[PDB]
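Only one chain comes next, encoded as structure tokens, the form deposited in one PDB entry.
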């Protein structure tokens, strides 16, 4: 009777994973992150979390940072101090002894690599690069005085050559990093353990386990719009590798999807709206970067993209958000296919130059006028709004399990309980 749930955005972020994650967190017994670094979820139990999973506020819930993450131990301690200063207990935290460690040379490397390009702040990329190269320092290494110093000496030998000779800049001595960072590790040691054992024990004993993806599917390093992606795998498959659990133990995957598409980046965007409709969707949907203030690009729901997400991330359940934003639009469109070089295709091209030539083939649906912001069940939707929601499910092949008609908690309507099998 396995009871695990993965929650992930199906698009390029800003899908509203936050509200759904908060909900599923309440009913979880264990909550785990499985990839990424100190990237941010904004809750008021006002709190913002970066590395620590969202179950931390509940004393009884075990929170796991899996082996798939890269951890800045300094930033992690800042995040812990932040919680403690707000009266939040963190004894429920578990940190993987196999997670990789972000060190000061990763931050400098990050800056230097970014400034050399003409086409990335916290050293996450460089940490993942060291992992692939097999020179990375792991949490277990940081906890060993002799091993930490030795790997630090070996890596700085190479990193300092890179800084001094390729980038004409100062490197780091071993003593600028060693005692400072060893001490950080000592403060984290109480949480460090075999997290694969922790998770498998919880899973095998039928506990409710929630895995939280940090970025959206289209930002996946393998399956997203590479290279404008994150440096890891937020797809549900990433859970298996990122925490060390078998694929048979990941039961349900909730894909969080918005009723329309949004993008922050500048890449190809088949269903983009440049007109008054996109203006209305943007204004009503408040599609502006919360920290940057920059407007997001908006466009129609793209079911080619979402079916792609269903395949690569094994989506089983759909949470459809921001449905209210489409009110008062007489003709709604959903992209069902792409016209490319004169051919009709149903795949997301891996080549962005090909993605850029893709014109959407769309279904038109009639819109509605009623304020659906008060709606609390499918039966309360006006006919055209329900038919729109049903069509999204039908087109994507994913069963509806939640829909949202506003930003509030009570405006998330549960159609199906994803913890029960």
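Here the rigid core means the biggest group of C-alpha atoms that line up within 1.5 Å when the two forms are laid on top of each other. Positions refer to the first chain, counted from 1.
| Does the entry skip any residues of the deposited sequence between residue 384 and residue 385, and if so, is it 1 to 3, 4 to 9, or 10 or more, or none at all? | Missing residues, residue 384 to residue 385: none.
| said: Missing residues between residue 119 and residue 120 in the deposited sequence, please: none, 1 to 3, 4 to 9, or 10 or more. | reply: Unmodelled stretch: 4 to 9 residues.
| field | Mean temperature factor over C-alpha atoms, higher-scoring stretch between 287 to 295 and 96 to 104 | value | On average, C-alpha B-factors are higher across 287 to 295.
| said: Using only C-alpha atoms and the B-factors in the entry, which stretch averages higher, 367 to 375 or 353 to 361? | reply: The stretch with the larger mean CA B-factor is 367 to 375.
| field | Selection from 188, 312, 277, 202 [criterion: highest C-alpha temperature factor in the record] | value | Highest C-alpha B-factor among the listed options: 277.
| said: Is residue 47 in the lowest, middle or highest third of its chain when residues are ranked by C-alpha B-factor? | reply: For residue 47, the deposited C-alpha B-factor lands in the highest third.
| query | Taking the entry's C-alpha B-factors for this chain, is residue 418 in the lowest, middle or highest third? | reply | It falls in the middle third of the chain.
| said: Split into thirds by Cα B-factor across the chain's modelled residues, where does residue 266 land: lowest, middle or highest? | reply: CA B-factor rank for residue 266: highest third.
| field | residue 34 - which third its CA temperature factor falls in, relative to the rest of the chain | value | Lowest third of the chain for residue 34's C-alpha B-factor.
| field | Entry-reported Cα temperature factor of residue 142, expressed as the chain third it lands in | value | Within its chain, residue 142 is a lowest-third residue by C-alpha B-factor, going by the deposited values.
Not on display, but discussed next: the form deposited in another entry.
| said: Can you tell which residue in 350, 162, 77, 344 has its CA shifted by 2 Å or more between the shown form and the other one when the core is superposed? | reply: Among the listed residues, the one whose C-alpha moves by 2 Å or more is 344.
| said: residue 379: after superposing the rigid core, is there a C-alpha shift of 2 Å or more between the shown form and the other one? | reply: Yes; that C-alpha moves by at least 2 Å between the shown form and the other one.
| message | Taking 2 Å as the cut-off, check whether the CA of residue 315 shifts that much or more between the shown form and the other one after a rigid core fit. | response | No; that C-alpha moves by less than 2 Å between the shown form and the other one.
| query | Would you say residue 364 moves its Cα by 2 Å or more between the shown form and the other one, aligning on the core? | reply | After core superposition, the C-alpha of residue 364 moves 2 Å or more between the shown form and the other one.
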